[PDB]
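First up is the structure itself, then whatever we jot down about it.
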Amino acid sequence: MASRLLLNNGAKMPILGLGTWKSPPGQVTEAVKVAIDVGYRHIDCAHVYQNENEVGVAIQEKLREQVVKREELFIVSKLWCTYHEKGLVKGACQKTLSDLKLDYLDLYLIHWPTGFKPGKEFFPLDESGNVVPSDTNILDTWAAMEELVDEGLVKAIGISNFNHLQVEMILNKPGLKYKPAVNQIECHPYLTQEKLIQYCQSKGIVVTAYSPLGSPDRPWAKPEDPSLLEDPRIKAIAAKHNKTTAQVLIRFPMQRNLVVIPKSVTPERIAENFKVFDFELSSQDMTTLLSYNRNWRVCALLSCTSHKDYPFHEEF
Ligand SMILES: NC(=O)c1ccc[n+]([C@@H]2O[C@H](COP(=O)([O-])OP(=O)(O)OC[C@H]3O[C@@H](n4cnc5c(N)ncnc54)[C@H](OP(=O)(O)O)[C@@H]3O)[C@@H](O)[C@H]2O)c1
Ligand SMILES: O=C(O)COc1cc(F)ccc1C(=O)NCc1nc2c(F)c(F)cc(F)c2s1
């Protein structure tokens, strides 16, 4: 199948990317260098991951070594919640460009629909543990993001963790200039997202699946939470194809026409994760994998459930 998907801005986005959340600063530079050597051309980053400078070192080294040209790379970053205010959006984007050492981003996403009080703290909490919200609304933040496209700082803009009603709010924004090109959401066999994906694709918005392997290294992961990598049913499907369960879990979203960004700092896994273009899951395999859905969401935070723009109270 095609290695890249067409965005509404006319650009092509590689369907397979390397995730960087939780990749240690002292290991992420080597991880990205190896990824590029192996063929990855799409890297997913975020200022909140606190490792963008190190990711940038890897990109610059490979550009300098002439292993790849800038136009061949698709770099993605995200605007954190404490910079939703109209006047802080550009500076937040410039800081990321500075750390990544690039003069433009291929895609810039609003990380979460929730705006937090501005400050040095990523999660400002009040005396009772509730996140302190800012009185900014998604529409004004979108307007500020559109300005980055007109100024040449980013080629395309998108959203992440937005439910269908929040996507609709943007699509119905008065004066809408640029439609969101991508909605990056959690997606794996235990959280299939059929409704939201169908909705987004029907609107011409590309969906990127994050935490495709269940994010086993998430910090809040608890000793006996479900494990996709060890699900016997998924292991059986992998065995039948002579592939690993990770390769099956990565191939799964690809056949649903989604972009997938698995994370790894391990050279062997980085290479194994890229060898998913040589096999195909049957329609039967796909429908079976979809039947494992349990609406089990791993990426959410209790401290944000009171925010007016919390995205997961809606069914989708
Ligand atoms: N927009 C958002 O709100 C948002 C939220 C969550 C995630 N994301 C993005 O999505 C990316 C991926 O999601 P994620 O980091 O949550 O988790 P993930 O990719 O589902 O899982 C990462 C874990 O799987 C392991 N792994 C990788 N390949 C493996 C393989 N072939 N075999 C066995 N284990 C393997 C990794 O180990 P090693 O690293 O030790 O190899 C790591 O512990 C992120 O890094 C980030 O870029 C975005
Ligand atoms: O965010 C990432 O890329 C990966 O995750 C994280 C990555 C980091 F570098 C720091 C924290 C998280 C985290 O705690 N993640 C869970 C969230 N859930 C919510 C939530 F439900 C909201 F309504 C608003 C919000 F902002 C968050 S953050």
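Residues are referred to by chain and number: the chain letter is A, B, ... according to the order shown in the structure tokens, the number counts from 1 in that chain, and ligands are numbered separately from 1 in the order shown.
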
| Within 7 Å of ligand 2, counting only C-alpha atoms and all ligand atoms: which residues, as a list in words? |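 So the residues close to ligand 2 are residues 21, 48, 49, 50, 81, 111, 112, 114, 299, 300, 301, 302, 304, 305, 307, 310 and 311 of chain A.
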
| task | Quick one: everything within 8 Å of residue 3 (chain A), counting only C-alpha atoms, minus sequence neighbours fewer than 6 positions away in the same chain. Send it as a ChimeraX atom specification. | result | /A:14-16

| message | Please compute the CA of residue 144 (chain A)-CA of residue 86 (chain A) distance, one decimal, in Å. | response |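 Taking CA of residue 144 (chain A) as the start and CA of residue 86 (chain A) as the end point, the length is 5.5 Å.
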
| query | In region 4-209 of chain A, what's strand (DSSP E or B) per DSSP? Answer as a PyMOL selection string? | reply | chain A and resi 4-6+12-14+16+18-19+42-44+74-79+105+107-110+116+125+131+133+154+157-160+182-186+188+191+206-209

Take the residues just selected and output them with N, CA and C atoms as a CSV table (one decimal), in the first residue's frame.
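For reference, selection-v4.csv as written:
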chain,number,residue,atom,x,y,z
A,4,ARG,N,2.5,7.0,1.8
A,4,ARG,CA,2.1,8.3,2.3
A,4,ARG,C,0.6,8.6,2.0
A,5,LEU,N,0.0,9.4,2.8
A,5,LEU,CA,-1.4,9.8,2.7
A,5,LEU,C,-1.5,11.3,2.3
A,6,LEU,N,-2.5,11.6,1.4
A,6,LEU,CA,-2.7,13.0,1.0
A,6,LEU,C,-3.5,13.8,2.0
A,12,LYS,N,1.9,15.3,1.3
A,12,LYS,CA,1.8,13.8,1.5
A,12,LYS,C,2.4,13.5,2.9
A,13,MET,N,1.7,12.9,3.7
A,13,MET,CA,2.2,12.5,5.1
A,13,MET,C,2.5,11.0,5.2
A,14,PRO,N,3.7,10.7,5.6
A,14,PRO,CA,4.1,9.2,5.7
A,14,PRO,C,3.1,8.6,6.7
A,16,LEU,N,3.6,6.0,8.4
A,16,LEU,CA,4.3,5.4,9.6
A,16,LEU,C,5.2,6.4,10.1
A,18,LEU,N,7.6,7.9,13.9
A,18,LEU,CA,8.2,7.4,15.1
A,18,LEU,C,7.8,8.3,16.3
A,19,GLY,N,7.2,7.7,17.3
A,19,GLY,CA,6.7,8.5,18.5
A,19,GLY,C,7.9,8.9,19.4
A,42,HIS,N,8.9,10.4,9.2
A,42,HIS,CA,7.9,11.1,9.9
A,42,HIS,C,8.2,10.9,11.4
A,43,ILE,N,8.4,12.1,12.1
A,43,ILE,CA,8.7,12.0,13.6
A,43,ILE,C,7.6,12.8,14.3
A,44,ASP,N,7.0,12.3,15.3
A,44,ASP,CA,6.0,13.0,16.1
A,44,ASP,C,6.7,13.5,17.4
A,74,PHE,N,8.9,14.7,7.4
A,74,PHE,CA,7.6,15.2,7.8
A,74,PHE,C,7.7,15.3,9.3
A,75,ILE,N,7.9,16.5,9.9
A,75,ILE,CA,8.1,16.7,11.3
A,75,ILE,C,6.8,17.3,11.9
A,76,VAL,N,6.3,16.7,13.0
A,76,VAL,CA,5.1,17.2,13.6
A,76,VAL,C,5.4,17.6,15.1
A,77,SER,N,4.8,18.7,15.5
A,77,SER,CA,4.9,19.1,16.9
A,77,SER,C,3.5,19.5,17.4
A,78,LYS,N,3.4,19.8,18.7
A,78,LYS,CA,2.1,20.2,19.2
A,78,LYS,C,2.1,21.4,20.2
A,79,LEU,N,1.1,22.2,20.1
A,79,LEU,CA,1.0,23.4,21.0
A,79,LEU,C,0.4,22.9,22.4
A,105,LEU,N,7.6,23.7,10.3
A,105,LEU,CA,7.0,22.5,10.8
A,105,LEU,C,6.1,22.0,9.7
A,107,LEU,N,3.6,19.9,10.2
A,107,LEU,CA,2.2,19.8,10.8
A,107,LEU,C,2.4,20.3,12.2
A,108,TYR,N,1.5,21.2,12.7
A,108,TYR,CA,1.4,21.7,14.0
A,108,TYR,C,0.0,21.4,14.6
A,109,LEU,N,-0.1,20.7,15.7
A,109,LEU,CA,-1.4,20.4,16.2
A,109,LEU,C,-1.7,21.1,17.6
A,110,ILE,N,-3.0,21.3,17.8
A,110,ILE,CA,-3.4,21.8,19.2
A,110,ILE,C,-3.3,20.5,19.9
A,116,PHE,N,-5.0,25.7,29.5
A,116,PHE,CA,-4.7,25.8,31.0
A,116,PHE,C,-4.1,27.2,31.3
A,125,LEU,N,-2.2,23.3,39.0
A,125,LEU,CA,-3.4,22.8,39.7
A,125,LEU,C,-3.8,23.7,40.9
A,131,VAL,N,-7.1,21.0,37.6
A,131,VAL,CA,-6.3,21.8,36.7
A,131,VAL,C,-6.9,23.2,36.6
A,133,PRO,N,-8.0,26.1,34.6
A,133,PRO,CA,-8.3,26.5,33.2
A,133,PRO,C,-8.1,27.9,32.8
A,154,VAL,N,4.5,27.0,9.6
A,154,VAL,CA,4.0,25.6,9.5
A,154,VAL,C,3.3,25.4,8.2
A,157,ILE,N,-2.0,22.6,9.7
A,157,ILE,CA,-2.3,22.7,11.2
A,157,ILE,C,-3.4,21.6,11.4
A,158,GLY,N,-3.4,21.1,12.6
A,158,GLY,CA,-4.4,20.1,12.9
A,158,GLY,C,-4.8,20.1,14.4
A,159,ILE,N,-5.5,19.0,14.9
A,159,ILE,CA,-5.9,18.9,16.2
A,159,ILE,C,-5.6,17.6,16.8
A,160,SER,N,-5.7,17.4,18.1
A,160,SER,CA,-5.4,16.1,18.8
A,160,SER,C,-6.4,16.0,20.0
A,182,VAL,N,-5.4,17.1,10.2
A,182,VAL,CA,-5.3,15.9,11.0
A,182,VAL,C,-5.9,16.0,12.4
A,183,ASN,N,-6.4,14.8,12.9
A,183,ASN,CA,-6.9,14.7,14.2
A,183,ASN,C,-6.2,13.5,14.8
A,184,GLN,N,-5.2,13.7,15.7
A,184,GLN,CA,-4.4,12.6,16.2
A,184,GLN,C,-5.1,12.1,17.5
A,185,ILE,N,-5.5,10.9,17.5
A,185,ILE,CA,-6.3,10.3,18.7
A,185,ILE,C,-5.8,8.9,19.1
A,186,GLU,N,-6.1,8.5,20.3
A,186,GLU,CA,-5.7,7.2,20.8
A,186,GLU,C,-6.5,6.2,20.0
A,188,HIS,N,-6.3,1.7,19.2
A,188,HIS,CA,-5.7,0.4,19.2
A,188,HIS,C,-6.9,-0.6,19.4
A,191,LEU,N,-9.5,0.1,22.0
A,191,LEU,CA,-10.2,1.4,21.8
A,191,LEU,C,-10.2,1.7,20.3
A,206,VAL,N,-7.6,13.5,8.1
A,206,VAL,CA,-6.8,12.3,8.3
A,206,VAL,C,-6.7,12.0,9.7
A,207,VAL,N,-6.8,10.7,10.1
A,207,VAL,CA,-6.7,10.4,11.5
A,207,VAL,C,-5.4,9.7,11.8
A,208,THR,N,-4.7,10.1,12.9
A,208,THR,CA,-3.4,9.5,13.2
A,208,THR,C,-3.7,8.8,14.5
A,209,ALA,N,-3.3,7.5,14.6
A,209,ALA,CA,-3.5,6.7,15.7
A,209,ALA,C,-2.3,6.7,16.7

| query | In region 50-128 of chain A, what's helix (DSSP H, G or I) per DSSP? Answer as number ranges by chain? | reply | A: 52-64, 70-72, 81-83, 89-100

Can you tell me, as a PDB file with N, CA and C atoms, in the first residue's frame, what residues are no more than 9 Å from residue 262 (chain A) when counting only C-alpha atoms, ignoring any on the same chain fewer than 2 positions away?
ATOM      1  N   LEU A  16       3.583   5.973   8.418  1.00  0.00           N
ATOM      2  CA  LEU A  16       4.285   5.396   9.557  1.00  0.00           C
ATOM      3  C   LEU A  16       5.246   6.440  10.125  1.00  0.00           C
ATOM      4  N   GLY A  17       5.144   6.728  11.419  1.00  0.00           N
ATOM      5  CA  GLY A  17       6.035   7.699  12.029  1.00  0.00           C
ATOM      6  C   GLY A  17       6.627   7.166  13.318  1.00  0.00           C
ATOM      7  N   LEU A  18       7.621   7.853  13.869  1.00  0.00           N
ATOM      8  CA  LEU A  18       8.244   7.429  15.121  1.00  0.00           C
ATOM      9  C   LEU A  18       7.755   8.327  16.261  1.00  0.00           C
ATOM     10  N   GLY A  19       7.203   7.742  17.323  1.00  0.00           N
ATOM     11  CA  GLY A  19       6.740   8.530  18.451  1.00  0.00           C
ATOM     12  C   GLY A  19       7.898   8.858  19.381  1.00  0.00           C
ATOM     13  N   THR A  20       7.827   9.973  20.111  1.00  0.00           N
ATOM     14  CA  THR A  20       8.922  10.359  21.012  1.00  0.00           C
ATOM     15  C   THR A  20       8.534  10.640  22.466  1.00  0.00           C
ATOM     16  N   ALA A 209      -3.305   7.480  14.552  1.00  0.00           N
ATOM     17  CA  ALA A 209      -3.530   6.665  15.734  1.00  0.00           C
ATOM     18  C   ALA A 209      -2.327   6.699  16.669  1.00  0.00           C
ATOM     19  N   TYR A 210      -2.509   7.158  17.906  1.00  0.00           N
ATOM     20  CA  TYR A 210      -1.401   7.168  18.847  1.00  0.00           C
ATOM     21  C   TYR A 210      -1.552   6.041  19.869  1.00  0.00           C
ATOM     22  N   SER A 211      -0.471   5.694  20.567  1.00  0.00           N
ATOM     23  CA  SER A 211      -0.473   4.592  21.534  1.00  0.00           C
ATOM     24  C   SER A 211      -1.011   3.312  20.865  1.00  0.00           C
ATOM     25  N   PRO A 212      -0.529   3.003  19.647  1.00  0.00           N
ATOM     26  CA  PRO A 212      -0.978   1.810  18.912  1.00  0.00           C
ATOM     27  C   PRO A 212      -0.667   0.498  19.619  1.00  0.00           C
ATOM     28  N   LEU A 213       0.331   0.501  20.498  1.00  0.00           N
ATOM     29  CA  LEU A 213       0.719  -0.698  21.224  1.00  0.00           C
ATOM     30  C   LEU A 213       0.192  -0.701  22.651  1.00  0.00           C
ATOM     31  N   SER A 215       0.651   1.736  24.827  1.00  0.00           N
ATOM     32  CA  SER A 215       1.515   2.553  25.683  1.00  0.00           C
ATOM     33  C   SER A 215       1.918   1.844  26.985  1.00  0.00           C
ATOM     34  N   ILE A 250       0.650  -2.596  14.435  1.00  0.00           N
ATOM     35  CA  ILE A 250       1.016  -1.420  13.654  1.00  0.00           C
ATOM     36  C   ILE A 250       0.356  -1.510  12.281  1.00  0.00           C
ATOM     37  N   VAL A 260       0.019   5.910  11.701  1.00  0.00           N
ATOM     38  CA  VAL A 260       0.312   5.330  13.010  1.00  0.00           C
ATOM     39  C   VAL A 260       1.720   5.716  13.458  1.00  0.00           C
ATOM     40  N   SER A 264       9.539   3.980  20.246  1.00  0.00           N
ATOM     41  CA  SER A 264      10.557   3.034  20.683  1.00  0.00           C
ATOM     42  C   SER A 264      11.915   3.718  20.710  1.00  0.00           C
ATOM     43  N   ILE A 270      12.829  -0.513  16.624  1.00  0.00           N
ATOM     44  CA  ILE A 270      12.608   0.575  15.678  1.00  0.00           C
ATOM     45  C   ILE A 270      12.627  -0.028  14.265  1.00  0.00           C
ATOM     46  N   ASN A 273       9.567  -2.515  13.774  1.00  0.00           N
ATOM     47  CA  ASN A 273       8.330  -1.756  13.617  1.00  0.00           C
ATOM     48  C   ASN A 273       8.147  -1.174  12.218  1.00  0.00           C
TER      49      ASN A 273
END

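Taking CA of residue 129 (chain A) and atom 9 (C, counted along the ligand's line) of ligand 1 as endpoints, the distance between them is 25.1 Å.
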
| Spatial neighbours of residue 255 (chain A), 10 Å, only C-alpha atoms, chain gap at least 5 places, as a PyMOL selection string | chain A and resi 1+250+280-283+286

Filtering to C-alpha atoms, could you give me those residues as a PDB file, in the first residue's frame?
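Now in part_28.pdb:
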ATOM      1  CA  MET A   1       0.000   0.000   0.000  1.00  0.00           C
ATOM      2  CA  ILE A 250       1.016  -1.420  13.654  1.00  0.00           C
ATOM      3  CA  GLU A 280      -1.448  -7.989   4.686  1.00  0.00           C
ATOM      4  CA  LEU A 281      -4.165  -8.643   7.275  1.00  0.00           C
ATOM      5  CA  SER A 282      -7.280 -10.309   5.815  1.00  0.00           C
ATOM      6  CA  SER A 283     -10.721  -8.651   6.013  1.00  0.00           C
ATOM      7  CA  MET A 286      -9.444  -6.857  10.570  1.00  0.00           C
TER       8      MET A 286
END

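Among the candidates A:296, A:40, A:162, A:199, the residue lying nearest to ligand 1 is A:162 (atoms considered: only C-alpha atoms and all ligand atoms).
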
| message | Ranking A:167, A:265, A:234, A:63 by minimum distance to residue 32 (chain A) and counting only C-alpha atoms, which one comes first? | response | A:265

| In Å, how far is it from CA of residue 135 (chain A) to CA of residue 84 (chain A)? | 9.4 Å
